[PDB]
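Tertiary structure, described
The lines below spell out each chain.
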Amino acid sequence: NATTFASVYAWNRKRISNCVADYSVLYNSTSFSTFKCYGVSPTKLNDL
Amino acid sequence: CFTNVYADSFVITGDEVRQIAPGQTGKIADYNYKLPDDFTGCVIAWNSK
Ligand SMILES: *[C@@H]1O[C@H](CO)[C@@H](O)[C@H](O)[C@H]1NC(C)=O
Ligand SMILES: *[C@@H]1O[C@H](CO)[C@@H](O)[C@H](O)[C@H]1NC(C)=O
């Protein structure tokens, strides 16, 4: 939830250090049209 | 030919229809519907605006 995102050609990688990854907070905040995980299952993201 | 059939009809938004697959997570797949792992069925969806 930011004012501006990067352009696709200047795509601005950033890292996420010590914090708890709880995707539950975005349930009424945003609606995701695509959510595809590779090498991991979406139902195991809470146990990892 | 099938020996038993069920329906399970409801209404969600268009962005959440992807969450009605077996191994999905999200607001609907976590707190609302939650299909099982060995489903053996078909999932039908269509816009109804
Ligand atoms: C969540 O979304 C609903 C629907 O727009 C809104 O009424 C509510 O204020 C939002 N926040 C919370 C904490 O429910
Ligand atoms: C997202 O950005 C909006 C800016 O309009 C802000 O009002 C809101 O508090 C931010 N956070 C959430 C969870 O919506």
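Our subject in this report is the structure included herewith. (Residues numbered from 1 in each chain as written, not as in the entry; some residues may be left out. Chains lettered and ligands numbered in written order. Part of a larger assembly, values for the part shown. Heavy atoms only, no water.)

**A word on the interface of chain B and chain A**
How we decide: The criterion used for residue contact is that any of the two residues' heavy atoms lie within 4.5 Å. Two parts placed together each lose some accessible area under a 1.4 Å probe, and the buried area is that loss summed for both. Any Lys or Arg side-chain nitrogen found within 4 Å of a carboxyl oxygen on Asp or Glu counts as a salt bridge. For this analysis, a polar contact is any N or O atom pair within 3.5 Å, provided that within protein one partner can donate a hydrogen and the other can accept it, and provided that sequence-adjacent residues contribute only side-chain to side-chain pairs. Each residue gets one of three labels, nonpolar for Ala, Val, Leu, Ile, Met, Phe, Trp, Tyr, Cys and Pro, charged for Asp, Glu, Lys and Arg, and polar for the others, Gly among them.
Residue-level contacts link nine residues of chain B with nine residues of chain A. Taken together, both faces of the contact between chain B and chain A bury some 790 Å²; the carbon and sulfur share is 50%. Three residues, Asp15(B), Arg18(B) and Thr25(B), lead the burial of chain B against chain A; their summed loss comes to 55% of the area buried on that side. Counting across the chain B and chain A interface gives zero salt bridges. Between the two partners, chain B and chain A, sit four residue pairs in polar contact. Grouping the constituent residues of the side of chain B that touches chain A by class yields one nonpolar, four polar and four charged.

**A few points about the pattern of salt bridges**
Oppositely charged side chains may form a pair once their charged atoms are brought near each other. All names here are of chain B. Put simply, the test is: Helix and strand definitions follow DSSP, with helices as H or I runs of at least four residues and strands as E runs of at least two, each counted in order from the N terminus.
Using the criterion set out here, one finds one salt bridge over all chains in the structure. Here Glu 16 and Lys 27 are joined by a salt bridge, their closest N and O atoms 3.6 Å apart. One end of the pair, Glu 16, is in the segment before α1 (27-31); the other, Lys 27, is in helix α1, with eleven residues separating them in the sequence.

**Thoughts on unusual backbone geometry**
Positive phi outside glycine occurs at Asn12(A), with the angle close to 60°. Unusually for a residue other than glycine, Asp8(B) sits at a positive phi of about 60°. Summarising the element assignment, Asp8(B) is placed in the segment before α1.

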